[PDB]
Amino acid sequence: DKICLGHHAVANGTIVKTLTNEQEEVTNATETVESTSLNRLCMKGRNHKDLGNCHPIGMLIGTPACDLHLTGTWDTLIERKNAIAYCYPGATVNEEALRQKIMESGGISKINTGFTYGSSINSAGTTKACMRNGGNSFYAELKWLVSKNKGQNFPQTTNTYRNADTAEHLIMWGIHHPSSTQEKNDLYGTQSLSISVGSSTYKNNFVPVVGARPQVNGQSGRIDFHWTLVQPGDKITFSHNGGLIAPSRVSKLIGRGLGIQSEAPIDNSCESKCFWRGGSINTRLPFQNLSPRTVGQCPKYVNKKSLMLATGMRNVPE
């Protein structure tokens, strides 16, 4: 008689790499690198806050684009291509620092500055870029300081915010840099202005410079923003004779949350923990080749089209 031992095989045998062989034929295999992408953001089980056209920095200032996003709590913030947080042109000092500090947080909560001004001073200054309810306006959590009487030099005033809370607050302010002398002198004064902010853990001198520069949004002049973090049970003082644009309210950033930068759409019937510009990555696999630029709980980025893991013995055909 005769009894034979033997093993299964297949026709369409699948090729895998080993320590010794670059083309080993095996029965079954499995991909370990995710190559297929998703171009939709998946926010099920997530208290997200889609900003859209609102840039993170505008939320502290209170631009007409960010009316809805002045307050709130979340675990995710999202930012778009070309998000505008500036009516009146110019950048903000140490921009990227502040920007990601906001996108790191999980909410903005406001407190009132409590800043009263003299009878002579008008708080409700405006501009033509910043429009709310159809017509002209200014930033919602700032107030533009300017004297009522056109010509008279603006008086040296001292204002002080006090941090009563057990947590820290983010006091933003601004400085106007006119390009002309004619509307500069009658709004503020014919003098050279001084603006000296001062805290326990911050201090600075500012000079409103005048320079020839191409107009932006019908304005030749520019305004720039400065900020610091006033401490628990600490005060900040602002000394100025015009130029300063003090804040009506100061921000507190709350808890933790992701920061996603993408142009992709939003779906709430889908859940995920890995994101990028393109969209979401919803896969059990350990590796991916979509992007090295990702956020959350991601598969590692690998410079490989495919990697096949053998799930069965050598295929021996005939």
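Start at 1 with the first residue shown and count on from there.
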Name the higher of the two by mean Cα B-factor in the PDB entry, 208-216 versus 193-201. 208-216
Give the stretch, out of 24-32 and 45-53, with the larger mean C-alpha temperature factor in the deposited entry. 45-53
Residue, from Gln297, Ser306, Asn12, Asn303, that the PDB entry assigns the highest Cα B-factor: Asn12
From the entry's CA B-factor values, the highest among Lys110, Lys184, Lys235, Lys101 is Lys184
Ranking the modelled residues of this chain by C-alpha B-factor as given in the entry, is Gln261 in the lowest, middle or highest third? middle
Check where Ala167 lands among this chain's C-alpha B-factors and tell me if it's the lowest, middle or highest third. lowest
Lowest, middle or highest third - CA B-factor, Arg284: middle
Please place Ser37 in the lowest, middle or highest third of its chain by C-alpha B factor as given in the entry. highest
Among the modelled residues of this chain, does the Cα B factor of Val146 put it in the lowest, middle or highest third? highest
